[PDB]
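**Q** Take this structure first; my questions come after.
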Amino acid sequence: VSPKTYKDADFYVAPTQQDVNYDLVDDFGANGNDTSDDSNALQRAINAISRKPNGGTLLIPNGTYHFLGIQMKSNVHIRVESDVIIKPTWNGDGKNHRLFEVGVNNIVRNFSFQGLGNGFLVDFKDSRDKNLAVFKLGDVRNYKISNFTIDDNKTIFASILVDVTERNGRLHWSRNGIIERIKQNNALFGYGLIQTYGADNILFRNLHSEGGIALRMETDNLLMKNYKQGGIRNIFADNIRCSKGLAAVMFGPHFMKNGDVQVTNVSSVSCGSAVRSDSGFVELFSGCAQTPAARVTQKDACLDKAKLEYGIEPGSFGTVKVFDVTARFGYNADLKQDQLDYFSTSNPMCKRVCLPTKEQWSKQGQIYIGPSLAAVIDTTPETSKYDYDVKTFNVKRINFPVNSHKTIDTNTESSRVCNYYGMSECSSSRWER
Ligand SMILES: [Ca+2]
Ligand SMILES: [Ca+2]
Ligand SMILES: [Ca+2]
Ligand SMILES: [Cl-]
Ligand code: NA
Ligand code: NA
Ligand code: NA
C-alpha cells in the first residue's frame, strides 16, 4: 500500500487578515528579565486580542517568562522569539498544572502558538512542580502548535494532552489541528511528548521525545469511559521519533473504540521498539478475571460475557497503517518488566540491563533501562474477535545483535533470564541521562 496524501490546509487554516499585532512586554508589561510571574500580562494580552473581531498576533519577545494556567482564546495567534525561555510559575496547591490550557474551560476556534526561527525553550529543569503539562487541549478547533523544545525533568504527564472536557452534559475535544516540530528532553518513562484521548483530524509531525513515548495514542481517560464518548479518528502522523525511551509511536486503546490512523516515517534510537501496539482490554470496578480494579482475561469466551453483562468491550483502532519504520539499536532504552523475558534469545545473561534505585524511582519494577528489544512490538490478540491491526510497512533495524527480535508478537517465545529485583542498579548518570 501507499500512504494517503494530505495538505496542511486539510488540518489548519491560518488567518488571512487580523486586527492587531501586540507585544507581550511593550503592550502588556510582562517582564522577561526577572523571576516574577508573567501570567496576568499574558492573559490580559490574550483577552485583548480575542475581543477583536478578526483577532491578532501576540509576540512574546526574547526573555525568560513564568506562566501557569493560561487560558487561550479564539483568534489569538502567539509567536515566540527564538531565544525565549518559558518556565512554569510556582504554585504549591499540589494540583495538576499546565502552562497553557486551550478549550478546557471555554470554546476556542482559530488558534496558533508557534516559535519563530529554530524555536524556543520550555524549561522544567528548575521547577519544584512535578505535575506539569505544557498544553492541555479541550474544545479547540483549527489550531496549530509548533516549534519548541521542552527540557523536562521527568515530570508527571505528557507535555501535550490532546484531551476531552465536559460541558453541557457531554464531552468535547479538539478537531482540525497541527502539532509539530517539538523536541522533548528527559521525559519520564510513563509519559512523553503527546498523549491523545479525544481527537479528530489532527496532524502530528516532526515530534521527538527522549524518554517515554513521543506519540502515545493511549486513549484511557476515565471520562471517556463514563460518557462513552471520545477517542481519536482520522489522525495523521509523520516523522515521529524516540530516543532512550519506550517507543516513538504507541497504540493502546484500552476500552475505547478509535478510528483510523496513518503514520509515516517513524524512527527510534535506543528505544524499546519504534512502534508498539497494546491489546485493548476491559476493566471491572467494585479464568475471566485477572489479579486485581479487575482486568478481564483475554479470552473470547470471557469477553463475550463481558459485552453481555456490562456492555463494555476491549478498545480498538480502525484502519491503522505505519509506513517506513527504522529502529536503531541502543543500550539505554526504557523497558517494562514484562518485556525483559524477550532478552532470552539475544541476551541470555541479561547484560547491560539496570534497575533504577528507589531514590531514582520508588516503585521498583515499573521501569528498567537496557538494550533495545525490537523494531515493532504488537501484543494485540491475533486470534480473537476482539482485535485490531496495526499494519507496518518497510520496517528496518540497524545495529541489532544477532538473534534479536524484529517484531515481537503474541507468538514470540520468551523465558526469564533477568534478575527482576537483584540485577545491577542503574548509575545516576544513566538514569539522569
Ligand atoms: Ca517575569
Ligand atoms: Ca532558539
Ligand atoms: Ca492484531
Ligand atoms: Cl499524560
Ligand atoms: Na505595540
Ligand atoms: Na525581538
Ligand atoms: Na509532564
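Lettering and numbering for the C-alpha cells are positional, with chains as A, B, ... in the shown order, residues counted from 1 in each chain, and ligands counted from 1 in the shown order.
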Would you please give, as a PDB file with C-alpha atoms, in the first residue's frame, all residues of region 290-362 of chain A that DSSP assigns to strand (DSSP E) based on the backbone?

**A**
```
ATOM      1  CA  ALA A 294     -10.033  -6.196  37.844  1.00  0.00           C
ATOM      2  CA  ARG A 295      -8.862  -6.659  34.262  1.00  0.00           C
ATOM      3  CA  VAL A 320      -4.036   1.699  11.040  1.00  0.00           C
ATOM      4  CA  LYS A 321      -1.014   1.804   8.760  1.00  0.00           C
ATOM      5  CA  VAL A 322       2.536   2.743   9.699  1.00  0.00           C
ATOM      6  CA  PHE A 323       4.967   3.276   6.815  1.00  0.00           C
ATOM      7  CA  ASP A 324       8.775   3.394   6.964  1.00  0.00           C
ATOM      8  CA  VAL A 325       9.870   2.287  10.424  1.00  0.00           C
ATOM      9  CA  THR A 326      13.522   2.364  11.459  1.00  0.00           C
ATOM     10  CA  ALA A 327      14.804   1.175  14.819  1.00  0.00           C
ATOM     11  CA  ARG A 328      18.447   1.750  15.688  1.00  0.00           C
ATOM     12  CA  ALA A 333      16.067   2.034  26.143  1.00  0.00           C
ATOM     13  CA  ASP A 334      13.188   2.294  28.623  1.00  0.00           C
ATOM     14  CA  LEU A 335      11.967  -1.243  29.269  1.00  0.00           C
TER      15      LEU A 335
END
```

**Q** Compile the contact shell of residue 189 (chain A) as a list in words: residues with an atom at most 8 Å away, counting only C-alpha atoms, same-chain residues fewer than 6 positions apart removed.

**A**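 Non-adjacent residues within range: residues 154, 211, 212, 213, 245, 246, 334 and 367 of chain A.
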
**Q** Could you report the residues within 6 Å of ligand 4, using only C-alpha atoms and all ligand atoms, as a PyMOL selection string?

**A** chain A and resi 157-158+191+195

**Q** Would you save the residues of that selection, restricted to N, CA and C atoms, as a PDB file, in the first residue's frame?

**A**
```
ATOM      1  N   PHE A 157       2.793  13.457  33.614  1.00  0.00           N
ATOM      2  CA  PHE A 157       2.009  13.960  32.483  1.00  0.00           C
ATOM      3  C   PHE A 157       2.783  14.180  31.197  1.00  0.00           C
ATOM      4  N   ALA A 158       2.159  13.807  30.085  1.00  0.00           N
ATOM      5  CA  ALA A 158       2.761  14.028  28.782  1.00  0.00           C
ATOM      6  C   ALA A 158       2.715  15.542  28.628  1.00  0.00           C
ATOM      7  N   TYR A 191       5.336   8.742  30.455  1.00  0.00           N
ATOM      8  CA  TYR A 191       4.732   9.823  29.708  1.00  0.00           C
ATOM      9  C   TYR A 191       5.437  10.119  28.401  1.00  0.00           C
ATOM     10  N   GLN A 195       0.016  12.763  24.357  1.00  0.00           N
ATOM     11  CA  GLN A 195      -0.864  11.676  24.760  1.00  0.00           C
ATOM     12  C   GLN A 195      -2.216  12.119  24.232  1.00  0.00           C
TER      13      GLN A 195
END
```

**Q** How would you report the residues lying within 9 Å of ligand 2, as number ranges by chain, if you count only C-alpha atoms and all ligand atoms?

**A** A: 81-85, 115-121, 148-149

**Q** For the selection just defined, write its residues with N, CA, C and O atoms to a file, as a CSV table (one decimal), in the first residue's frame.

**A**
```csv
chain,number,residue,atom,x,y,z
A,81,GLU,N,9.7,34.5,20.1
A,81,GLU,CA,11.0,34.7,19.6
A,81,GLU,C,11.9,33.5,19.9
A,81,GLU,O,11.7,32.8,20.9
A,82,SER,N,13.0,33.3,19.1
A,82,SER,CA,13.9,32.2,19.3
A,82,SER,C,14.7,32.0,20.5
A,82,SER,O,15.2,30.9,20.8
A,83,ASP,N,14.9,33.0,21.3
A,83,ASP,CA,15.8,32.9,22.5
A,83,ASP,C,14.9,32.9,23.7
A,83,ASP,O,15.4,33.0,24.9
A,84,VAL,N,13.6,32.9,23.6
A,84,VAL,CA,12.7,32.9,24.7
A,84,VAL,C,12.8,31.6,25.5
A,84,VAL,O,13.0,30.5,25.0
A,85,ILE,N,12.7,31.8,26.8
A,85,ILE,CA,12.7,30.6,27.7
A,85,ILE,C,11.4,30.8,28.6
A,85,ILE,O,11.2,31.9,29.1
A,115,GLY,N,6.8,28.9,17.5
A,115,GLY,CA,8.1,29.5,17.8
A,115,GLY,C,8.6,30.0,16.5
A,115,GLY,O,8.5,29.3,15.4
A,116,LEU,N,9.3,31.2,16.5
A,116,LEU,CA,9.9,31.7,15.3
A,116,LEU,C,11.3,31.1,15.2
A,116,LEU,O,11.8,30.5,16.2
A,117,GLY,N,11.9,31.1,14.0
A,117,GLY,CA,13.2,30.6,13.8
A,117,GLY,C,13.4,29.1,14.1
A,117,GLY,O,12.6,28.3,13.8
A,118,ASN,N,14.4,28.8,14.9
A,118,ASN,CA,14.7,27.4,15.3
A,118,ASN,C,14.0,27.0,16.6
A,118,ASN,O,14.2,26.0,17.1
A,119,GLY,N,13.0,27.8,17.0
A,119,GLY,CA,12.2,27.5,18.2
A,119,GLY,C,12.7,28.0,19.5
A,119,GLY,O,13.9,28.5,19.6
A,120,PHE,N,11.9,27.9,20.5
A,120,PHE,CA,12.3,28.4,21.8
A,120,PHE,C,12.3,27.3,22.8
A,120,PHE,O,12.2,26.1,22.4
A,121,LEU,N,12.5,27.6,24.1
A,121,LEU,CA,12.6,26.6,25.1
A,121,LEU,C,11.6,26.7,26.2
A,121,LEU,O,11.3,27.8,26.7
A,148,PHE,N,9.3,24.2,19.3
A,148,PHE,CA,9.9,24.5,20.6
A,148,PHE,C,10.5,23.2,21.2
A,148,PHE,O,10.1,22.1,20.7
A,149,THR,N,11.3,23.4,22.1
A,149,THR,CA,12.0,22.3,22.8
A,149,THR,C,11.5,22.3,24.2
A,149,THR,O,11.3,23.4,24.8
```

**Q** Once you count only C-alpha atoms and all ligand atoms, which residues end up within 8 Å of ligand 1, and could you hand them over as a list in words?

**A** residues 30, 31, 32, 33, 34, 35, 36, 37, 38, 64, 65 and 66 of chain A

**Q** Can you tell me which residues sit at most 8 Å away from ligand 5, counting only C-alpha atoms and all ligand atoms, written as a PyMOL selection string?

**A** chain A and resi 21-23+26-27

**Q** Smallest atom-to-atom distance to residue 222 (chain A): which of A:93, A:163, A:19, A:152, using only C-alpha atoms?

**A**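 Smallest separation from residue 222 (chain A) among the options: A:163.
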
**Q** Hey, could you make a per-residue contact list for chain A against ligand 7 with 9 Å as the cut-off, showing the nearest pair of atoms and its distance in Å to one decimal, counting only C-alpha atoms and all ligand atoms, sorted by chain and number, as a Markdown table?

**A**
```
| residue | atom | partner | partner_atom_place_in_ligand_line | distance |
| --- | --- | --- | --- | --- |
| A:98 | CA | ligand 7 | 1 (Na) | 8.7 |
| A:124 | CA | ligand 7 | 1 (Na) | 8.7 |
| A:130 | CA | ligand 7 | 1 (Na) | 7.1 |
| A:131 | CA | ligand 7 | 1 (Na) | 6.1 |
| A:132 | CA | ligand 7 | 1 (Na) | 4.4 |
| A:133 | CA | ligand 7 | 1 (Na) | 4.5 |
| A:134 | CA | ligand 7 | 1 (Na) | 7.3 |
| A:152 | CA | ligand 7 | 1 (Na) | 7.1 |
| A:153 | CA | ligand 7 | 1 (Na) | 8.2 |
| A:154 | CA | ligand 7 | 1 (Na) | 6.9 |
| A:155 | CA | ligand 7 | 1 (Na) | 4.2 |
| A:156 | CA | ligand 7 | 1 (Na) | 4.3 |
| A:157 | CA | ligand 7 | 1 (Na) | 3.8 |
| A:158 | CA | ligand 7 | 1 (Na) | 4.8 |
| A:159 | CA | ligand 7 | 1 (Na) | 5.0 |
| A:160 | CA | ligand 7 | 1 (Na) | 8.4 |
| A:187 | CA | ligand 7 | 1 (Na) | 7.5 |
| A:188 | CA | ligand 7 | 1 (Na) | 7.8 |
| A:191 | CA | ligand 7 | 1 (Na) | 7.1 |
| A:192 | CA | ligand 7 | 1 (Na) | 7.4 |
| A:193 | CA | ligand 7 | 1 (Na) | 8.3 |
```

**Q** Would you export the selected residues with N, CA and C atoms as a short mmCIF file (atom, residue, chain, number, x, y, z; two decimals), in the first residue's frame, please?

**A**
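Listed below is the output, out12.cif:
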```cif
data_model
loop_
_atom_site.label_atom_id
_atom_site.label_comp_id
_atom_site.auth_asym_id
_atom_site.auth_seq_id
_atom_site.Cartn_x
_atom_site.Cartn_y
_atom_site.Cartn_z
N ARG A 98 -0.79 23.12 34.23
CA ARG A 98 -0.44 23.22 32.82
C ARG A 98 -0.04 24.66 32.58
N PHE A 124 11.61 23.01 32.36
CA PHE A 124 11.06 22.48 33.60
C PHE A 124 12.18 22.06 34.55
N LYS A 130 6.13 18.76 40.04
CA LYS A 130 6.29 17.55 39.25
C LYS A 130 5.06 17.24 38.39
N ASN A 131 3.95 17.91 38.68
CA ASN A 131 2.71 17.70 37.94
C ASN A 131 2.54 18.80 36.91
N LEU A 132 3.29 18.69 35.81
CA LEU A 132 3.27 19.71 34.77
C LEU A 132 3.07 19.21 33.34
N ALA A 133 2.22 19.91 32.61
CA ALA A 133 1.98 19.63 31.20
C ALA A 133 2.16 21.00 30.55
N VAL A 134 2.59 21.03 29.29
CA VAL A 134 2.78 22.30 28.61
C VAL A 134 1.44 22.79 28.07
N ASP A 152 12.45 18.73 29.93
CA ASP A 152 11.70 18.12 31.01
C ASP A 152 12.63 17.70 32.13
N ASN A 153 12.04 17.27 33.24
CA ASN A 153 12.79 16.79 34.39
C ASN A 153 11.98 15.62 34.93
N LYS A 154 11.65 14.71 34.03
CA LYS A 154 10.86 13.53 34.35
C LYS A 154 9.61 13.88 35.14
N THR A 155 8.89 14.89 34.68
CA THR A 155 7.66 15.29 35.34
C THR A 155 6.53 14.33 34.97
N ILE A 156 5.48 14.36 35.78
CA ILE A 156 4.31 13.53 35.52
C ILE A 156 3.58 14.22 34.37
N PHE A 157 2.79 13.46 33.61
CA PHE A 157 2.01 13.96 32.48
C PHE A 157 2.78 14.18 31.20
N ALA A 158 2.16 13.81 30.08
CA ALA A 158 2.76 14.03 28.78
C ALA A 158 2.72 15.54 28.63
N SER A 159 3.60 16.09 27.81
CA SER A 159 3.66 17.53 27.63
C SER A 159 2.45 18.14 26.93
N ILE A 160 1.90 17.42 25.97
CA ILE A 160 0.73 17.91 25.25
C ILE A 160 -0.39 16.90 25.41
N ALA A 187 12.20 12.90 29.38
CA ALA A 187 10.82 12.62 29.76
C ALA A 187 10.77 11.39 30.66
N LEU A 188 9.76 11.32 31.52
CA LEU A 188 9.57 10.18 32.41
C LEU A 188 9.01 9.05 31.55
N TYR A 191 5.34 8.74 30.46
CA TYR A 191 4.73 9.82 29.71
C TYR A 191 5.44 10.12 28.40
N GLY A 192 5.76 11.38 28.16
CA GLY A 192 6.41 11.72 26.91
C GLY A 192 5.86 13.00 26.33
N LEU A 193 5.95 13.12 25.01
CA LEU A 193 5.52 14.34 24.34
C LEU A 193 4.01 14.51 24.17
#
```
